[PDB]
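Novice: Sharing data10.pdb below, PDB, C-alpha atoms (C1' of nucleotides):
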```pdb
MODEL        1
ATOM      1  CA  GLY A   1       0.000   0.000   0.000  1.00  0.00           C
ATOM      2  CA  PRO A   2       2.771   2.272   1.334  1.00  0.00           C
ATOM      3  CA  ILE A   3       5.472   0.457  -0.666  1.00  0.00           C
ATOM      4  CA  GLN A   4       7.790  -2.023   1.052  1.00  0.00           C
ATOM      5  CA  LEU A   5      11.626  -1.764   1.062  1.00  0.00           C
ATOM      6  CA  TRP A   6      12.334  -4.908  -0.954  1.00  0.00           C
ATOM      7  CA  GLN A   7       9.760  -3.741  -3.468  1.00  0.00           C
ATOM      8  CA  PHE A   8      11.364  -0.293  -3.549  1.00  0.00           C
ATOM      9  CA  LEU A   9      14.791  -1.765  -4.292  1.00  0.00           C
ATOM     10  CA  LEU A  10      13.369  -3.868  -7.154  1.00  0.00           C
ATOM     11  CA  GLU A  11      11.776  -0.682  -8.489  1.00  0.00           C
ATOM     12  CA  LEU A  12      15.246   0.938  -8.616  1.00  0.00           C
ATOM     13  CA  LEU A  13      16.987  -2.199  -9.817  1.00  0.00           C
ATOM     14  CA  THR A  14      14.793  -2.166 -12.900  1.00  0.00           C
ATOM     15  CA  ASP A  15      15.360   1.456 -13.834  1.00  0.00           C
ATOM     16  CA  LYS A  16      18.515   2.151 -15.855  1.00  0.00           C
ATOM     17  CA  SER A  17      18.670   5.768 -14.673  1.00  0.00           C
ATOM     18  CA  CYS A  18      19.349   4.401 -11.160  1.00  0.00           C
ATOM     19  CA  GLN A  19      22.290   2.180 -12.079  1.00  0.00           C
ATOM     20  CA  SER A  20      24.619   4.848 -10.748  1.00  0.00           C
ATOM     21  CA  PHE A  21      23.777   4.051  -7.097  1.00  0.00           C
ATOM     22  CA  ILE A  22      22.293   0.503  -7.100  1.00  0.00           C
ATOM     23  CA  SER A  23      22.610  -2.343  -9.646  1.00  0.00           C
ATOM     24  CA  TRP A  24      22.755  -6.019 -10.496  1.00  0.00           C
ATOM     25  CA  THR A  25      26.148  -7.678 -10.014  1.00  0.00           C
ATOM     26  CA  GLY A  26      25.486  -9.941 -12.990  1.00  0.00           C
ATOM     27  CA  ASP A  27      25.491 -12.986 -10.737  1.00  0.00           C
ATOM     28  CA  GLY A  28      21.811 -13.986 -10.587  1.00  0.00           C
ATOM     29  CA  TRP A  29      19.656 -11.796  -8.295  1.00  0.00           C
ATOM     30  CA  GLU A  30      22.600 -10.512  -6.232  1.00  0.00           C
ATOM     31  CA  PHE A  31      22.792  -6.713  -6.244  1.00  0.00           C
ATOM     32  CA  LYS A  32      24.949  -3.913  -4.864  1.00  0.00           C
ATOM     33  CA  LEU A  33      24.028  -0.541  -3.415  1.00  0.00           C
ATOM     34  CA  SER A  34      27.089   1.143  -4.939  1.00  0.00           C
ATOM     35  CA  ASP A  35      26.003   4.383  -3.266  1.00  0.00           C
ATOM     36  CA  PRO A  36      24.088   3.304  -0.142  1.00  0.00           C
ATOM     37  CA  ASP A  37      23.668   6.905   0.888  1.00  0.00           C
ATOM     38  CA  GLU A  38      21.825   7.772  -2.330  1.00  0.00           C
ATOM     39  CA  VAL A  39      19.620   4.676  -2.071  1.00  0.00           C
ATOM     40  CA  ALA A  40      18.797   5.525   1.575  1.00  0.00           C
ATOM     41  CA  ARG A  41      18.185   9.125   0.544  1.00  0.00           C
ATOM     42  CA  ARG A  42      15.607   8.077  -2.035  1.00  0.00           C
ATOM     43  CA  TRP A  43      14.194   5.489   0.307  1.00  0.00           C
ATOM     44  CA  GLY A  44      13.828   8.298   2.799  1.00  0.00           C
ATOM     45  CA  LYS A  45      11.909  10.561   0.436  1.00  0.00           C
ATOM     46  CA  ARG A  46       9.567   7.758  -0.632  1.00  0.00           C
ATOM     47  CA  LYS A  47       8.507   6.890   2.928  1.00  0.00           C
ATOM     48  CA  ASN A  48       8.870  10.515   4.009  1.00  0.00           C
ATOM     49  CA  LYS A  49      11.678   9.991   6.541  1.00  0.00           C
ATOM     50  CA  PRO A  50      14.128  12.978   6.541  1.00  0.00           C
ATOM     51  CA  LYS A  51      16.520  11.186   8.898  1.00  0.00           C
ATOM     52  CA  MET A  52      16.732   7.929   6.923  1.00  0.00           C
ATOM     53  CA  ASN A  53      20.277   6.681   6.233  1.00  0.00           C
ATOM     54  CA  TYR A  54      21.960   3.379   5.259  1.00  0.00           C
ATOM     55  CA  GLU A  55      22.493   2.322   8.873  1.00  0.00           C
ATOM     56  CA  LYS A  56      18.710   2.192   9.344  1.00  0.00           C
ATOM     57  CA  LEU A  57      17.848   1.034   5.799  1.00  0.00           C
ATOM     58  CA  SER A  58      20.134  -1.975   6.299  1.00  0.00           C
ATOM     59  CA  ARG A  59      18.225  -2.900   9.467  1.00  0.00           C
ATOM     60  CA  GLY A  60      15.205  -3.172   7.208  1.00  0.00           C
ATOM     61  CA  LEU A  61      17.207  -5.528   5.020  1.00  0.00           C
ATOM     62  CA  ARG A  62      18.400  -7.760   7.855  1.00  0.00           C
ATOM     63  CA  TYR A  63      14.708  -8.228   8.728  1.00  0.00           C
ATOM     64  CA  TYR A  64      14.443  -9.971   5.354  1.00  0.00           C
ATOM     65  CA  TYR A  65      16.941 -12.698   6.214  1.00  0.00           C
ATOM     66  CA  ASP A  66      14.531 -14.971   8.070  1.00  0.00           C
ATOM     67  CA  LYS A  67      11.802 -13.861   5.679  1.00  0.00           C
ATOM     68  CA  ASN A  68      14.091 -15.296   3.021  1.00  0.00           C
ATOM     69  CA  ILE A  69      13.357 -12.334   0.783  1.00  0.00           C
ATOM     70  CA  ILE A  70      16.847 -10.944   0.587  1.00  0.00           C
ATOM     71  CA  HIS A  71      20.087 -12.420   1.850  1.00  0.00           C
ATOM     72  CA  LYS A  72      23.439 -10.819   2.539  1.00  0.00           C
ATOM     73  CA  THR A  73      26.421 -11.614   0.315  1.00  0.00           C
ATOM     74  CA  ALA A  74      29.026 -12.276   2.999  1.00  0.00           C
ATOM     75  CA  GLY A  75      32.304 -10.547   2.265  1.00  0.00           C
ATOM     76  CA  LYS A  76      31.252  -7.974  -0.330  1.00  0.00           C
ATOM     77  CA  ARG A  77      30.354  -4.575   1.069  1.00  0.00           C
ATOM     78  CA  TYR A  78      26.878  -3.208   0.214  1.00  0.00           C
ATOM     79  CA  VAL A  79      26.080  -6.441  -1.571  1.00  0.00           C
ATOM     80  CA  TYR A  80      22.956  -8.507  -1.027  1.00  0.00           C
ATOM     81  CA  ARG A  81      20.921 -11.020  -2.998  1.00  0.00           C
ATOM     82  CA  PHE A  82      17.225 -11.713  -3.589  1.00  0.00           C
ATOM     83  CA  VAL A  83      16.730 -15.363  -2.566  1.00  0.00           C
ATOM     84  CA  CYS A  84      12.984 -15.513  -3.408  1.00  0.00           C
ATOM     85  CA  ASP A  85      11.325 -16.592  -6.666  1.00  0.00           C
ATOM     86  CA  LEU A  86      11.886 -13.343  -8.555  1.00  0.00           C
ATOM     87  CA  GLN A  87      11.603 -15.233 -11.833  1.00  0.00           C
ATOM     88  CA  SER A  88       7.925 -15.995 -11.201  1.00  0.00           C
ATOM     89  CA  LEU A  89       7.286 -12.571  -9.686  1.00  0.00           C
ATOM     90  CA  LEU A  90       8.891 -10.523 -12.473  1.00  0.00           C
ATOM     91  CA  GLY A  91       8.519 -13.058 -15.243  1.00  0.00           C
ATOM     92  CA  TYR A  92      12.118 -12.656 -16.308  1.00  0.00           C
ATOM     93  CA  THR A  93      15.179 -14.723 -15.678  1.00  0.00           C
ATOM     94  CA  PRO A  94      18.274 -13.019 -14.251  1.00  0.00           C
ATOM     95  CA  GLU A  95      19.880 -13.318 -17.707  1.00  0.00           C
ATOM     96  CA  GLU A  96      16.849 -11.854 -19.431  1.00  0.00           C
ATOM     97  CA  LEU A  97      16.563  -8.883 -17.099  1.00  0.00           C
ATOM     98  CA  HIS A  98      20.314  -8.228 -17.015  1.00  0.00           C
ATOM     99  CA  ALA A  99      20.251  -8.238 -20.814  1.00  0.00           C
ATOM    100  CA  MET A 100      17.286  -5.912 -20.958  1.00  0.00           C
ATOM    101  CA  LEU A 101      19.031  -3.608 -18.470  1.00  0.00           C
ATOM    102  CA  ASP A 102      22.510  -3.832 -20.076  1.00  0.00           C
ATOM    103  CA  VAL A 103      24.205  -5.131 -16.950  1.00  0.00           C
ATOM    104  CA  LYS A 104      27.976  -5.604 -17.056  1.00  0.00           C
TER     105      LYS A 104
ATOM    106  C1'  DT B   1      43.161   3.679  16.924  1.00  0.00           C
ATOM    107  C1'  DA B   2      38.672   4.908  15.654  1.00  0.00           C
ATOM    108  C1'  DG B   3      35.750   4.399  11.870  1.00  0.00           C
ATOM    109  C1'  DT B   4      32.631   1.584   9.460  1.00  0.00           C
ATOM    110  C1'  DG B   5      30.179  -2.539   8.035  1.00  0.00           C
ATOM    111  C1'  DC B   6      27.179  -5.624   9.877  1.00  0.00           C
ATOM    112  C1'  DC B   7      24.108  -8.135  13.289  1.00  0.00           C
ATOM    113  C1'  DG B   8      19.778  -8.810  15.568  1.00  0.00           C
ATOM    114  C1'  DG B   9      17.078  -7.348  19.925  1.00  0.00           C
ATOM    115  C1'  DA B  10      13.599  -4.045  21.494  1.00  0.00           C
ATOM    116  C1'  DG B  11      10.518  -0.035  22.179  1.00  0.00           C
ATOM    117  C1'  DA B  12       8.458   3.556  19.157  1.00  0.00           C
ATOM    118  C1'  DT B  13       5.873   4.870  15.108  1.00  0.00           C
ATOM    119  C1'  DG B  14       2.245   5.811  11.630  1.00  0.00           C
ATOM    120  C1'  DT B  15       2.026   9.465   3.910  1.00  0.00           C
TER     121       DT B  15
ATOM    122  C1'  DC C   1      -3.980  -5.630  17.865  1.00  0.00           C
ATOM    123  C1'  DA C   2      -1.478  -6.270  13.470  1.00  0.00           C
ATOM    124  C1'  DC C   3       2.649  -4.766  10.773  1.00  0.00           C
ATOM    125  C1'  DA C   4       6.614  -3.015   8.463  1.00  0.00           C
ATOM    126  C1'  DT C   5       9.541  -0.479   9.346  1.00  0.00           C
ATOM    127  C1'  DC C   6      11.998   3.352  12.214  1.00  0.00           C
ATOM    128  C1'  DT C   7      15.355   4.341  15.710  1.00  0.00           C
ATOM    129  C1'  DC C   8      18.758   3.051  19.057  1.00  0.00           C
ATOM    130  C1'  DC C   9      21.954   0.073  20.862  1.00  0.00           C
ATOM    131  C1'  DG C  10      25.548  -3.272  22.726  1.00  0.00           C
ATOM    132  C1'  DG C  11      28.667  -6.310  20.042  1.00  0.00           C
ATOM    133  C1'  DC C  12      31.921  -8.416  16.799  1.00  0.00           C
ATOM    134  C1'  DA C  13      35.180  -8.045  12.884  1.00  0.00           C
ATOM    135  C1'  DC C  14      38.178  -5.763   9.787  1.00  0.00           C
ATOM    136  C1'  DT C  15      41.335  -2.119   8.335  1.00  0.00           C
TER     137       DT C  15
ENDMDL
END
```
Could you write out this file's structure as structure tokens?
Specialist:
Amino acid sequence: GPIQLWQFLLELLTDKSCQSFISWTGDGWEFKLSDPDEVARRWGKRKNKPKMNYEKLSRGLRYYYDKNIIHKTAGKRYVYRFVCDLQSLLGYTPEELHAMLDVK
DNA sequence: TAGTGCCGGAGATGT
DNA sequence: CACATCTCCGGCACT
């Protein structure tokens, strides 16, 4: 109703003009917030939260671990991975979407 | 070092 | 009373 965080990220991850601060790493559904501050800034404006930052935003993401919606890529900073059936949800395969988005 | 990423508990919050 | 954060926090690990 009032868009969820994992849905927000997907929204960005499927818009070329947002590749500057968030993007697919080419490996399946794993993505990277190259500019966490910019992601958190936009997250903040969406939900109307002037004090939103990555520290908080990431707390939202860790909530998704048990929910098996998004998982953390251990070892790579600002990198996480959608572990849920995004193929059925979006209708595309990682390859198909990457292609469509021109992911390198 | 202190700074920063990252973790997950807990009370607060409400475009 | 639910619910998805939001906010804060003590902790651990790495550089």
Novice: I'd like the contact shell of residue 15 of chain C - 10 Å cut-off, only C-alpha atoms (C1' of nucleotides), skipping same-chain residues fewer than 2 positions apart - returned as an NGL selection string.
Specialist: (:B and (3-4)) or (:C and (13))
Novice: Could you list, as a list in words, every residue matched by the PyMOL selection byres ((chain C) within 12 of (chain A)) in this structure?
Specialist: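 Against this file, the PyMOL selection byres ((chain C) within 12 of (chain A)) returns the residues residues 3, 4, 5, 6, 7, 8, 13 and 14 of chain C.
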Novice: Compile a residue-level contact table for chain A against chain B at a cut-off of 12 Å, reporting for every qualifying residue the shortest atom pair and its distance in Å to one decimal, with all atoms listed in the file counted, rows ordered by chain and ascending number, as JSON lines.
Specialist:
```
{"residue": "A:1", "atom": "CA", "partner": "B:15", "partner_atom": "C1'", "distance": 10.4}
{"residue": "A:2", "atom": "CA", "partner": "B:15", "partner_atom": "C1'", "distance": 7.7}
{"residue": "A:3", "atom": "CA", "partner": "B:15", "partner_atom": "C1'", "distance": 10.7}
{"residue": "A:36", "atom": "CA", "partner": "B:5", "partner_atom": "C1'", "distance": 11.8}
{"residue": "A:44", "atom": "CA", "partner": "B:15", "partner_atom": "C1'", "distance": 11.9}
{"residue": "A:45", "atom": "CA", "partner": "B:15", "partner_atom": "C1'", "distance": 10.5}
{"residue": "A:46", "atom": "CA", "partner": "B:15", "partner_atom": "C1'", "distance": 9.0}
{"residue": "A:47", "atom": "CA", "partner": "B:15", "partner_atom": "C1'", "distance": 7.0}
{"residue": "A:48", "atom": "CA", "partner": "B:15", "partner_atom": "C1'", "distance": 6.9}
{"residue": "A:49", "atom": "CA", "partner": "B:15", "partner_atom": "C1'", "distance": 10.0}
{"residue": "A:54", "atom": "CA", "partner": "B:5", "partner_atom": "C1'", "distance": 10.5}
{"residue": "A:55", "atom": "CA", "partner": "B:5", "partner_atom": "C1'", "distance": 9.1}
{"residue": "A:56", "atom": "CA", "partner": "B:6", "partner_atom": "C1'", "distance": 11.5}
{"residue": "A:58", "atom": "CA", "partner": "B:6", "partner_atom": "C1'", "distance": 8.7}
{"residue": "A:59", "atom": "CA", "partner": "B:8", "partner_atom": "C1'", "distance": 8.6}
{"residue": "A:60", "atom": "CA", "partner": "B:8", "partner_atom": "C1'", "distance": 11.1}
{"residue": "A:61", "atom": "CA", "partner": "B:7", "partner_atom": "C1'", "distance": 11.1}
{"residue": "A:62", "atom": "CA", "partner": "B:7", "partner_atom": "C1'", "distance": 7.9}
{"residue": "A:63", "atom": "CA", "partner": "B:8", "partner_atom": "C1'", "distance": 8.5}
{"residue": "A:64", "atom": "CA", "partner": "B:8", "partner_atom": "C1'", "distance": 11.6}
{"residue": "A:65", "atom": "CA", "partner": "B:8", "partner_atom": "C1'", "distance": 10.5}
{"residue": "A:66", "atom": "CA", "partner": "B:8", "partner_atom": "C1'", "distance": 11.0}
{"residue": "A:72", "atom": "CA", "partner": "B:6", "partner_atom": "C1'", "distance": 9.7}
{"residue": "A:73", "atom": "CA", "partner": "B:6", "partner_atom": "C1'", "distance": 11.3}
{"residue": "A:74", "atom": "CA", "partner": "B:6", "partner_atom": "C1'", "distance": 9.7}
{"residue": "A:75", "atom": "CA", "partner": "B:5", "partner_atom": "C1'", "distance": 10.1}
{"residue": "A:76", "atom": "CA", "partner": "B:5", "partner_atom": "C1'", "distance": 10.0}
{"residue": "A:77", "atom": "CA", "partner": "B:5", "partner_atom": "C1'", "distance": 7.3}
{"residue": "A:78", "atom": "CA", "partner": "B:5", "partner_atom": "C1'", "distance": 8.5}
{"residue": "A:79", "atom": "CA", "partner": "B:5", "partner_atom": "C1'", "distance": 11.1}
```
Novice: In Å, with one decimal, what is the gap from atom CA of residue 16 of chain A to atom CA of residue 101 of chain A?
Specialist: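 These two atoms are separated by 6.3 Å.
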Novice: List the residues matched by the PyMOL selection byres ((chain A and resi 98) around 12) in the displayed structure as a list in words, ordered by chain and then by residue number.
Specialist: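 With the PyMOL selection byres ((chain A and resi 98) around 12) on this model, the match is residues 13, 14, 15, 16, 19, 23, 24, 25, 26, 27, 28, 29, 30, 31, 92, 93, 94, 95, 96, 97, 99, 100, 101, 102, 103 and 104 of chain A.
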Novice: Mind giving me the axis-aligned box for segment 8-15 of chain B with 3 Å on every side, centre plus edges in Å to one decimal, as JSON?
Specialist:
```
{"center_x": 10.9, "center_y": 0.3, "center_z": 13.0, "size_x": 23.8, "size_y": 24.3, "size_z": 24.3}
```
Novice: One number please: atom CA of residue 82 of chain A to atom CA of residue 10 of chain A, in Å, one decimal.
Specialist: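 For atom CA of residue 82 of chain A relative to atom CA of residue 10 of chain A, the distance reads 9.4 Å.
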Novice: Care to translate the PyMOL selection byres ((chain A and resi 21) around 8) into actual residues of this file, as a PyMOL selection string?
Specialist: chain A and resi 18-20+22-23+33-36+38-39
Novice: Just to confirm, what's the straight-line distance from atom CA of residue 67 of chain A to atom CA of residue 43 of chain A in Å (one decimal)?
Specialist: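 Separation between atom CA of residue 67 of chain A and atom CA of residue 43 of chain A: 20.2 Å.
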